[PDB]
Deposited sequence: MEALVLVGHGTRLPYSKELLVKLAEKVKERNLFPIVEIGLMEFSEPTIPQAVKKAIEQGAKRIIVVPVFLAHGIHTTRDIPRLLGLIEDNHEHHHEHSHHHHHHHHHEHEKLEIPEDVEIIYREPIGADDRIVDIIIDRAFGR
């Protein structure tokens, strides 16, 4: 009934898509959602529309889209919302898209940054 779709930038290099895959893999083993799908905005498949369609196919009526970006930007305020038909200018059913918020300057980002400083 619920689907989590992780969505990321995507690059020509593969590292952007490896991350999303890894993250999706880690959320799967937490057994929080029935369906979990990734979608990359550019250069790589699956594409955001592809992910959403796949989630619908597996029977989800709540599609939670989470933007895996540190900071808001044009990609999150325009590009992705369009792709999701949340903004004027992929057509869903009676299903509902719930577009969530980016990572932002979470306390946990500070935690991670500190470890990185020390090579952990």
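Visitor: Residue ranges with no C-alpha coordinates, please: along the deposited sequence, counted from 1, in order.
Guide: That stretch is 90-112, the only one.
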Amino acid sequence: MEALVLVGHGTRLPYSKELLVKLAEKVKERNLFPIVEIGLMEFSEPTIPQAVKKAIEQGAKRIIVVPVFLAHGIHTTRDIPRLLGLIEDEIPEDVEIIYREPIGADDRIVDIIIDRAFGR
From here on, numbers count along this sequence of modelled residues.
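Visitor: Would you determine, from the values in the PDB entry, which of 62-70 and 80-88 has the greater average C-alpha temperature factor?
Guide: According to the PDB entry, the answer is 80-88.
Visitor: May I ask you to compare 92-100 and 7-15 by their mean CA B factor in the entry and name the higher one?
Guide: Per the PDB record, 92-100.
Visitor: Could you tell me which third, lowest, middle or highest, the C-alpha B-factor of residue 57 occupies within its chain?
Guide: CA B-factor rank for residue 57: highest third.
Visitor: By its CA B factor, does residue 29 count among the lowest, middle or highest third of the modelled residues in the chain?
Guide: For residue 29, whose C-alpha B-factor we compare with every modelled residue in the chain, the answer is the highest third.
Visitor: Classify residue 42 as lowest, middle or highest third according to the C-alpha B-factor given in the PDB entry, relative to its own chain.
Guide: Residue 42: CA B-factor falls in the highest third of its chain.
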